[PDB]
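Remarks on the structure that follows.
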Amino acid sequence: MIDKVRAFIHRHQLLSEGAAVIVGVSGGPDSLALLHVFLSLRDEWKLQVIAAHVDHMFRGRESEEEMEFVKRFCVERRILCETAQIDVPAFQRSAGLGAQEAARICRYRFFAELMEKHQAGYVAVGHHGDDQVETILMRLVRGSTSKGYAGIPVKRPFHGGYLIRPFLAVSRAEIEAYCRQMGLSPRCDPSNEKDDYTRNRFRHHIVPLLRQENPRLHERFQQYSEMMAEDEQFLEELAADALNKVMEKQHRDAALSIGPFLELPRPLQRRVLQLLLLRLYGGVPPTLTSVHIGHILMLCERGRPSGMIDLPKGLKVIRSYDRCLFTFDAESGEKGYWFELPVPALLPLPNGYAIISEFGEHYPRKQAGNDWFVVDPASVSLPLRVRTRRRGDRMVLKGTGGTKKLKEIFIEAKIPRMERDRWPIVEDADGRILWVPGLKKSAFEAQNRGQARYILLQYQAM
RNA sequence: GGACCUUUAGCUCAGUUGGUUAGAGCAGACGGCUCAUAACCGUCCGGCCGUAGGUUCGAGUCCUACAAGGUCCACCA
């Protein structure tokens, strides 16, 4: 207090460094005490204070008494007393949310105004070590545990500057000690009546049982927060880096290479995933880490290469062999095509490739291969069609081999699915499959029989 | 042409030794908790078990073919 809390300010630095603060205030006992200690240490440390209190809806003696008794304090110590009030909790929740959510979102939206619109650098709110305990357990059983378990964060990146909770250092016990000791009306609240909030019940029955189990609880909990604070952020760095070294890069939406990823250590596999999605919008509500992050991970240790997963806000997750497409977009789409094959001609295909046909007095002399194919005008009925795969397609194989299903092939040649579909097949008028570009040749490739007339097919890119 | 395996709701899996009454999870829609920057709690909607043919009093469960999706071979090299 004055120094336990000043030490704290110093321990966690960047808290007492500059000139501009917006210190918020709500209830009674707690919020007033803050200001006080602030004022004194702001003279002591080069600094302009600005009280800021918002009144939410539930009103009565609370809204008014609270509000006016801060007012008379701002004056009682020459302090700009930036006031406000919103009773559109009722119209806020008529826009999407529950209760205590609208609290912090609105409250903070406001502090944001003050910070930006007042050139302030820090915004401090009093959060006692008990506040902390509360949130830990609260968030222990709720399940957030991750990085987010963490606790109440000492100081964090707020808008422009940072946001500071220097009362984290100290019991609500010692906040009442300091409140009465250094002047103020009824210490704590005899009107806590309100087991309305999960939050409260912890504080009303649960904490105390702990409290009894150990006098110095708000302590064993801070040292905890801090342990996990540092532990957590380290990893974070690693995570981030990992992410980059596993992200197939600049797309519309991002890909992830399963191999390198999974060679990672799980701790990080987790994180980069967490981050990934966060990037991909911002920690959404119905997003059950556990369930989801798990499922992704499952989807990648699978044996089965084809893999779909449906996610929150219609976000979709796909494995194609070693790739991992994240598109909340969609994939279909639709596909398919059927073309006659003009000869000679240069036909472009919907997969950035194309086929070239020409006539040749002499027999082709280019190396053995696949992306080319030779036909006898005679021994087959034209014209030539090139179209997309079809339910039961088959063919017969240059040498021995026999007859084989097209399906059977694409999968052996381990080709992506969206590929398989847009992939060209080449048939004769009679519907006989002749040659599958860069994949397999039939048995009806015109052998050298005689230097009659010849057709040449080159499959090539763009 | 040769060998092995998969298939259950939009998506991921369970499905006892042939009974029958098919079970979870994600998404979707719905209802709550969050005085924290974020990954929780409950309800509901969605079942032709890939087609089609058999063996059985009986089939999701066993056999056949076909089909798709898989792991090898072979042809191709």
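Per the authors' numbering, the first sequence starts with residue 1, numbered consecutively.
Here a beta-carbon is modelled for each residue, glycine too, at the ideal position from N, C-alpha and C.
In terms of residue numbering, what span does the alpha helix (DSSP H) encompassing residue i cover?
i      : result
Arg420 : 417-422
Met227 : 217-244
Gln269 : 266-279
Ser357 : First-last for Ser357: 353-360, but that is the beta strand (DSSP E), not the alpha helix (DSSP H).
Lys404 : Premise fails: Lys404 lies in the beta strand (DSSP E), 403-405, not in any alpha helix (DSSP H).
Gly294 : 289-301
Compute the Euclidean distance between the alpha carbons of residue i and residue j, then round it to the nearest angstrom.
i           : j      : result
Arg187      : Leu47  : 28 angstroms
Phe326      : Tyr459 : 31 angstroms
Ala446      : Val426 : 14 angstroms
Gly294      : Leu262 : 13 angstroms
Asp371      : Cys324 : 28 angstroms
residue 478 : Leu41  : Since the first residue shown for the chain is 1 and the last is 462, residue 478 is missing from the structure and cannot be characterised.
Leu315      : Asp329 : 7 angstroms
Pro377      : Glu419 : 30 angstroms
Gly283      : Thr289 : 10 angstroms
residue 471 : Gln85  : Residue coverage of the chain in this structure runs from 1 to 462, which leaves residue 471 outside it and unanswerable.
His292      : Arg107 : 31 angstroms
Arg432      : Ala254 : 40 angstroms
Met182      : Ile2   : 12 angstroms
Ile22       : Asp231 : 30 angstroms
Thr287      : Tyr281 : 12 angstroms
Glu134      : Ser185 : 26 angstroms
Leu382      : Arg304 : 41 angstroms
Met462      : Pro424 : 15 angstroms
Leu397      : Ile258 : 34 angstroms
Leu114      : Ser332 : 47 angstroms
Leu457      : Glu361 : 14 angstroms
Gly151      : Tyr224 : 9 angstroms
Run the CB neighbour count on residue i, radius 10 Å, all protein chains shown included, and call it buried at 16 or more, exposed below.
i      : result
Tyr321 : exposed
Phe111 : buried
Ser306 : exposed
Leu277 : buried
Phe373 : buried
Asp428 : buried
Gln367 : exposed
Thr198 : exposed
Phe359 : exposed
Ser16  : buried
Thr400 : exposed
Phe234 : exposed
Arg165 : buried
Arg59  : exposed
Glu193 : exposed
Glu76  : exposed
Leaving aside the five residues before and after residue i along the sequence, list all residues of the same chain whose C-beta is less than 6 angstroms from its C-beta, in chain order.
i      : result
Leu80  : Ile50
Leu243 : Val272, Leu275
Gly27  : none
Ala345 : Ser357
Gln222 : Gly129
Who are the near neighbours of residue i in its chain, counting only those whose CB is closer than 8 angstroms to its CB and skipping five residues on each side?
i      : result
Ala19  : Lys46, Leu47, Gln48, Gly121
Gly392 : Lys405
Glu116 : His159, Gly160
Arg417 : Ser306, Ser320
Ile136 : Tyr149, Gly151, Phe221, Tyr224, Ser225
I need the boundaries of the beta strand (DSSP E) containing residue i, first residue and last residue.
i      : result
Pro348 : 345-349
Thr388 : 384-388
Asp130 : Where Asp130 is concerned, there is no enclosing beta strand (DSSP E), although the alpha helix (DSSP H) it sits in stretches over 129-142.
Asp310 : 306-310
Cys81  : 80-85
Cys324 : 323-327
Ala124 : 122-124
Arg319 : 316-320
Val54  : 50-55
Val375 : 372-375
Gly24  : 21-24
With a threshold of 7 angstroms on Cβ separation, who are the neighbours of residue i within its own chain once the five nearest residues in sequence on each side are excluded?
i     : result
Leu14 : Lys155, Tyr162
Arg6  : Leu41
For this session: Say whether the stretch 196-210 touches the stretch 233-245, bearing in mind that this needs 3 or more beta-carbon pairs closer than 8 angstroms, one atom from each stretch.
Result: No, the stretch 196-210 does not touch the stretch 233-245.
Does the stretch 111-130 come into contact with the stretch 86-93, if we say contact requires no fewer than three beta-carbon pairs (one atom in each stretch) closer than 8 angstroms? Verdict: no, contact absent.
(Q) I want to know whether the stretch 247-263 touches the stretch 169-184 - three or more CB-CB distances under 8 angstroms. (A) Result no; under three Cβ-Cβ pairs closer than 8 angstroms.
* Asked: Just checking, does the stretch 138-148 make contact with the stretch 96-104 on the three C-beta pairs under 8 angstroms criterion?
  -> Under the three-pair Cβ rule at 8 angstroms, the stretch 138-148 does not count as touching the stretch 96-104.
query: Would the stretch 407-417 and the stretch 332-352 be scored as touching if the rule is three or more Cβ pairs under 8 angstroms?
result: Touching, no, given that fewer than three Cβ pairs across the two stretches are closer than 8 angstroms.
_Across the stretch 54-73 and the stretch 208-219, are there enough close Cβ pairs to call them in contact, namely three or more that are closer than 8 angstroms?_
Judged by Cβ distances under 8 angstroms, the stretch 54-73 makes no contact with the stretch 208-219, as fewer than three pairs qualify.
**Message:** Check whether the stretch 394-408 and the stretch 434-450 touch, using three or more Cβ-Cβ pairs below 8 angstroms as the test.
**Reply:** The stretch 394-408, when compared against the stretch 434-450, does touch it at the 8 angstroms Cβ threshold.
* To do: Check whether the stretch 124-134 touches the stretch 172-186, counting contact only when three or more Cβ pairs, one atom from each stretch, lie closer than 8 angstroms.
  => The answer is yes - the stretch 172-186 touches the stretch 124-134, with three or more Cβ pairs under 8 angstroms.
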